[PDB]
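J.: Mind having a look at this structure? Questions to follow.
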Amino acid sequence: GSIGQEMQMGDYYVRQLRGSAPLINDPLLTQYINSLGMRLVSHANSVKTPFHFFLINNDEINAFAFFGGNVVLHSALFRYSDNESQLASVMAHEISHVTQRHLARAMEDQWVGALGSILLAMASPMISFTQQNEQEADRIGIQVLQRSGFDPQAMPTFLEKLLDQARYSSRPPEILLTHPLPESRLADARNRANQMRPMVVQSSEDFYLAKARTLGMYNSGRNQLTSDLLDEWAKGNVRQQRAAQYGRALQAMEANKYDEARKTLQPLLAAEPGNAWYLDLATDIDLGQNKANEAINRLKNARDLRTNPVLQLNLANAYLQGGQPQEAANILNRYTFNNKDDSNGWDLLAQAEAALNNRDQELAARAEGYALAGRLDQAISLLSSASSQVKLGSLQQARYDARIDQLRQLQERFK
Amino acid sequence: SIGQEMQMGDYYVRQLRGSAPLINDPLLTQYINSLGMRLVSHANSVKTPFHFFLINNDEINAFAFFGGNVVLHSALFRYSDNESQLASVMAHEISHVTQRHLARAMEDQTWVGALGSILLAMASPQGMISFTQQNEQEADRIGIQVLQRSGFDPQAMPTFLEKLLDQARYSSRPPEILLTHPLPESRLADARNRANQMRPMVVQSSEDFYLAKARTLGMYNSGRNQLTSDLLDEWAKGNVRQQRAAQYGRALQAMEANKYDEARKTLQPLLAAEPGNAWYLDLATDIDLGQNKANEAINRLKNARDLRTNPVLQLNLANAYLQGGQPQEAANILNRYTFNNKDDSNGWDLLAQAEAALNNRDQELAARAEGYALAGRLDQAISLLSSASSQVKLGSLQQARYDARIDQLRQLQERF
Amino acid sequence: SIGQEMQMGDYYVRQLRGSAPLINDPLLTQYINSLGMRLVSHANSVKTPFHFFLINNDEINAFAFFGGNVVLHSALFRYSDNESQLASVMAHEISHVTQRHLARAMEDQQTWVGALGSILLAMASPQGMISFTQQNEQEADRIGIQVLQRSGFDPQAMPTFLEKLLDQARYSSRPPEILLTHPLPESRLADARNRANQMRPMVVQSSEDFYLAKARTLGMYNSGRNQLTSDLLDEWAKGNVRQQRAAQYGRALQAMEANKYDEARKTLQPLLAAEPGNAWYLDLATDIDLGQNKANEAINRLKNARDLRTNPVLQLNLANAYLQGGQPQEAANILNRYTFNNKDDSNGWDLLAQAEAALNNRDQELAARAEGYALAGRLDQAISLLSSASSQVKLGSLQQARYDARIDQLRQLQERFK
Ligand SMILES: [Zn+2]
Ligand SMILES: [Zn+2]
Ligand SMILES: [Zn+2]
């Protein structure tokens, strides 16, 4: 209902985001961000909607949310987050904006294209909340933040770490424009945090690796994985130090020095052959120097290949670079149906259907990528081509034409 | 004006074709329009062309709208015991148009789409149009006069009306025909009086009627519209026309059940007696192509007397050429056909198949566009023609043709 | 010596089960033996029962050994354009055994029994390999084509297949492994054309079981070059009505593989509506229903089949449906009868183990698992399971004596061979 209307608007805005904002669609980073975000939602109160967490390639710090439990986070959050609980505090803040329906209340009381044009401007390299909205979001946030097993003091520590940067810097962090931070708010955040018991929690090994991949592979402007940080991480706790070798191998591979990335990756590969993170890096090193087969053999022998979308996409791509397009199609035809919103699967499906010379299937896989990006007229154009290369009355013609109808009914709902 | 309702009639027909289950069989649409135009031939104050559509729906109903477009549910064939009763339903609808009953109903009134959605719901098997008793009184009086001038039995209208009332007088929910067309006793009584007042005329239902009934009930099987062997057993004892149609009906079901050898020898006696009959020639091609004897189907149709004049024979021979591996000959016929019958989607689809086999892709896309345009999917048709226009040289004649047709389809969109 | 060879053949198939990737799918195994036995029924001097095995291997090969056991690599469905090509290869193998070529070849030499088994396992596994003389291959072709035509297949399908093998041994650098076991010099090819030309032309249409088998093999058991490609399905969509239905089946199968259950139901719907009693469509409709947690709908459809008491495919399908439906006792009643009537079918023993596991009858589950291990030649493991099963029942009980008795049989089977 109003849940239905708001999830319909949520999808429209997510499509607009995908079409203009620079989202990181990395399988590992998308998986981590959503697995961490769901962990907070499962401990939140009054959840009416599914939740999805999006990552922008933007070195300006910002976080916001809109209808349908869609939370969008700038990758610069990893630069500011010293630990996983800090990053979780910002997400818990955003989920609390959603559970309180702060944005819904404002627009209800007193335009769809006007609000959507602001959401794209905030993500691309404005909405503002009252001081009661921010007060509600911090408390409800910190309560769901520690029921999730994170450090409650991380929220005031991150806020005060935000306030200190705003005072000295030429221009304030853009997140402080969407979420204003008077000293009154920080003092209130310190009060409720101090009211609970101290909790020193170790950040997940997945957090340190995500921050390494976010800053090393998706570097941009101030979002660099500096040699200072890694020399610093080489001296740290048990989880931080192997995250060091991972990021070191990353840019050795980024700079096309693949032989250097092999020797750095060796010990973590040999020690942990069953986790997706170095398996993923252990596919890119192999395909970069035309060693596709053992990258396939390595992924064929993986345990959680039939459980983890990251290994499936990695192995599908390896089959493509290995000259076996059909094996890639077999995986991707099932992946696209179980991961309807993952534009990586649709793109790889199109690449495989292109290599098999199945033109209408290629055009159809391309169309789903264009529909996900809000380019409905363009997706309809591709399906019309697809429908024109199969015989009328066939199973494929009825499918392509029915899909055109769906996209046309989706289009009129807002136009 | 009249130009808009003819144009609005085309709009409703297009979205009817795109979603209602219309029967596109060459013989059936040729018969029902031939019978319908014969009635228009004797109607007064006709200001529009007329077209008659057949819908696969076992619920009996009939209605008409702007542009002289009459819609008939296939169930009318099982209710009509003779040809004059079926014509009685058409003359009723025809009079609804010449009196412009629905037109004035919509003059006293998102309004076009509101009625389009209603017409579409009435047509599909699964907010409905109803006419006033005055409109229905006029539609029977003028309708029975059109029906007498056309050389049928005027008494078929009240017998039909009494047939349906005798069956639906007691039902909680009568058939949909009586909701659109309310039949109190007063309207029946007046219908029977005016029929009694003119002259008696005993007419025999044309041969074409009995085989149209057999094919409608036979090939377009669905639900209560099966042709039970009960009707075929009865027709085997009826008049000379009903016994032939009975054996044509079971030759039809033998072919439906892939009993091709049974179907040939069952159709055997009828084809020998009337070797130039379209109904028998049509069925013989179905049997021949089902046994991969395309050559035999071609030679028979090439020797057909009125192949050069009858659209049913042209389509059958064009399709046989296709199954025979001669796409060029099929295209030679279909190019002539599609320009002689611009609204026939059977012609356009077969031409698309021929042009695909010939690998003339821009001509194939152009033919495919017409099928999509006739079904109300104008954007899709415009898309195909844009592809066709992109595969011809700039400044070429073909490019000017495709671009000009896109303009016609685009202009047809902006009217609604 | 027939008694020795048929027990020696049992040892080899046990060794095949335990190491080669055999396709145990009920429909496919039933088809390949239905057609194989149809050729044996028209063969001469048959002294042995016959079983045909399907290996999930994309390299084309076929071979046969003692006890009338013929092994067929699933690649054969990729090379076979018609049912008579497939039968031509099977008749060739059936001709190898009735002439006892492998038996007569090994009487010349005399440890050795296991050296032959390692060769057989290496040929079967995808990954020292037996090859026949030119005399043997001539006999197997001459005798085979006569069996092939007595069975109502196209005799010209034998020379047409042989040349198809040669035509891609020159196109590719790869020589098909079938031609390493069964050498194909041009003398043999000319001989095959000659014997076929002496017989009368026969246009036979393939059974619709062949196209569905080809569809199920390449679509459900796809591997390497064995794929049910869109190119194949498009050509079947343009062919005769049997290929059109099989193309509809194959696409429904692949939708089911990809969890597109509602799409798969709409695709199978016209085929199952046309023949509601067809095992291939009944089988697929069950997979679709169980995929959507619709066991009751799956159970009810299979109880309405005529051949439920006669067709082993429907029996296993319904036992598994009962399993997913939370009725394991009803599954066990089917499988207790099945495993008694089909002692050598590993599917029955595995599903019975699942049913006894679901009923918390641990010793009966262990004994069922043991049969699966014994059929795969893992006799010590099967003895280990039966020993543990015997340890959960009372001494002097009827169950104790049976578990111990079967241990005795398995150990007695161990000392006959090394
Ligand atoms: Zn906020
Ligand atoms: Zn009326
Ligand atoms: Zn041989």
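J.: Against the globular-protein guess of 2.2 N^0.38 Å, express the Cα radius of gyration of the protein assembly as shown as a ratio, rounded to two decimals.
T.: 1.15
J.: Turning to a different aspect of this structure: Can you give me the Kirkwood hydrodynamic radius for the range B:241-282, using every pair of distinct Cα atoms, in Å to one decimal?
T.: 10.1
J.: Take the Cα pairs of the range B:120-162, get the Kirkwood Rh, then feed it into Stokes-Einstein at 10 °C and 1.306 mPa s and tell me D in µm²/s.
T.: For the chosen part, D equals 128 µm²/s.
J.: Pairs of alpha-carbon atoms within less than 8 angstrom and 6+ residues apart define the contacts here; what relative contact order does the range B:247-300 have, in percent?
T.: With pairs under 8 Å counted, the relative contact order is 30 percent.
J.: Could you size up the charge dipole of the range C:299-392 around its Cα centre, putting +1 on the beta carbon of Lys and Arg and -1 on that of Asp and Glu, and report it in debye to the nearest 20?
T.: 340
J.: Which whole-Hz couplings ³J(HN,Hα) result when phi for each residue of the range B:267-277 is put into the Karplus expression 6.51 cos²θ - 1.76 cosθ + 1.60, θ = phi - 60°, listed in order with x for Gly and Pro?
T.: 6, 2, x, 5, 5, 5, 6, 10, x, x, 8
J.: Still on this structure, please answer the following. Work out the FRET efficiency for residue B:222 and residue B:196 from their Cβ-Cβ distance, taking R0 = 30 Å, and round it to the nearest 0.05.
T.: The value I calculate is 0.20.
J.: Now a separate question. So for the range C:230-277, averaging the separation of alpha carbon pairs under 8 Å that are six or more residues apart and normalising by length, what relative contact order in percent results?
T.: 27
J.: Okay, next question. As a test of understanding, state the convex hull volume per residue of chain C from its alpha carbons, in Å³.
T.: 153
J.: Report the local net charge at residue C:244: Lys and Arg +1, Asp and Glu -1, summed over other residues whose C-beta lies under 13 Å from its C-beta.
T.: Around residue C:244, the charge tally is +2.
J.: Something else about it: About the Cα centre of the protein assembly as shown, how large is the charge dipole given +1 on each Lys and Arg Cβ and -1 on each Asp and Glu Cβ? Please answer in debye to the nearest 20.
T.: 840
J.: Across all directions of projection, what mean area in square nanometres is found for the Cα convex hull of the range C:87-126?
T.: 3.6
J.: Can you figure out the FRET efficiency of residue C:125 with residue A:8, using R₀ = 51 Å and their beta-carbon distance, to the nearest 0.05?
T.: 0.40
J.: Would you mind pulling out the separation of the Cα centroids of the range B:173-198 and the range B:249-267, in Å?
T.: Spelled out, the Cα-based centre of one part sits 40 Å from the other.
J.: Quick one: if the Förster radius is 60 Å, what FRET efficiency do residue C:416 and residue B:112 give, using the C-beta to C-beta distance and rounding to 0.05?
T.: Once the sixth-power term is evaluated, E becomes 0.10.
J.: Something else: For the residue pair residue A:235 and residue B:46, what label-to-label distance in nm results when each label sits 7 Å from Cα along the Cα-to-beta-carbon direction?
T.: For the pair residue A:235/residue B:46, the computed spacing is 10.1 nm.
J.: In whole angstrom, note down how far apart the Cα centers of the range C:325-369 and the range C:268-320 are.
T.: So the separation of the two Cα centres works out to 20 Å.
J.: With the contact rule set at Cα under 8 Å and sequence spacing of 6 or more, what percent relative contact order holds for the range B:227-361?
T.: 13
J.: In addition: Report, to two decimal places, the Cα Rg of the range A:1-157 normalised by 2.2 N^0.38 Å (N = number of residues).
T.: Relative to the rule-of-thumb radius for its length, the range A:1-157 sits at 0.97.
J.: Still on this structure: Taking the Cβ of residue C:257 as the centre, find all other residues whose Cβ is under 10 Å away and add up their charges (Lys, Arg: +1; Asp, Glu: -1).
T.: In short, +1.
J.: Output ³J(HN,Hα) for the range C:293-303: one whole-Hz value per residue in order, computed from phi by the Karplus curve 6.51 cos²θ - 1.76 cosθ + 1.60 with θ = phi - 60°, and x for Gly and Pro.
T.: Ordered by residue, 3J(HN,Hα) equals 6, 10, 5, 4, 5, 5, 4, 5, 5, 7, 5 Hz.
J.: As a test of understanding, state the convex hull volume per residue of the range A:42-106 from its alpha carbons, in Å³.
T.: Residue-normalised Cα hull volume stands at 82 Å³.
J.: With equal scatterers on the alpha carbons only and no solvent term, can you work out the Debye log10 of I(q)/I(0) for the range C:1-76 at 0.21 1/Å?
T.: Those come out to -1.00, one per q.
J.: So, counting K/R as plus one and D/E as minus one, what does the shell of residues with Cβ under 15 Å around residue B:3 add up to?
T.: It works out to a net charge of +1.
J.: Given H placed on each backbone N at 1.01 Å, which residues far from residue C:55 in sequence or on other chains put an amide H within less than 5 Å of it?
T.: Residues meeting the criterion, in which the H sits 1.01 Å from N, are C:23, C:72, C:73, C:74.
J.: Where in the range B:279-369 are there trypsin sites (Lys or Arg not before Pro) that are in a DSSP coil and have at most 13 other Cβ atoms within 10 angstrom of their Cβ?
T.: B:305, B:308, B:342
J.: Could you point to the residue in C:338, C:270, C:295 farthest towards the positive end of the range C:268-345's charge dipole, with +1 and -1 charges on the Cβ of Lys/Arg and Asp/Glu respectively?
T.: C:338
J.: How big is the charge dipole of the range A:97-188 about its Cα centre, in debye rounded to the nearest 20, if each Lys and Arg gets +1 on its Cβ and each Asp and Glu gets -1 on its Cβ?
T.: It comes to approximately 140 debye.
J.: How many Å³ per residue does the convex hull of the Cα positions in the range C:82-203 occupy?
T.: Taking the convex hull of the Cα positions in the range C:82-203, it is 122 Å³ per residue.
J.: Are there trypsin sites (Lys or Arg not before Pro) in the range B:10-56 that DSSP marks as loop and that have at most 15 other Cβ atoms within 10 Å, and which are they?
T.: B:47
Every number in this text was worked out from the coordinates using simple rules, so none of it is lab data. Please note: Cβ atoms are built from the backbone with ideal geometry, for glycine as well, and neighbour counts cover all protein chains shown.
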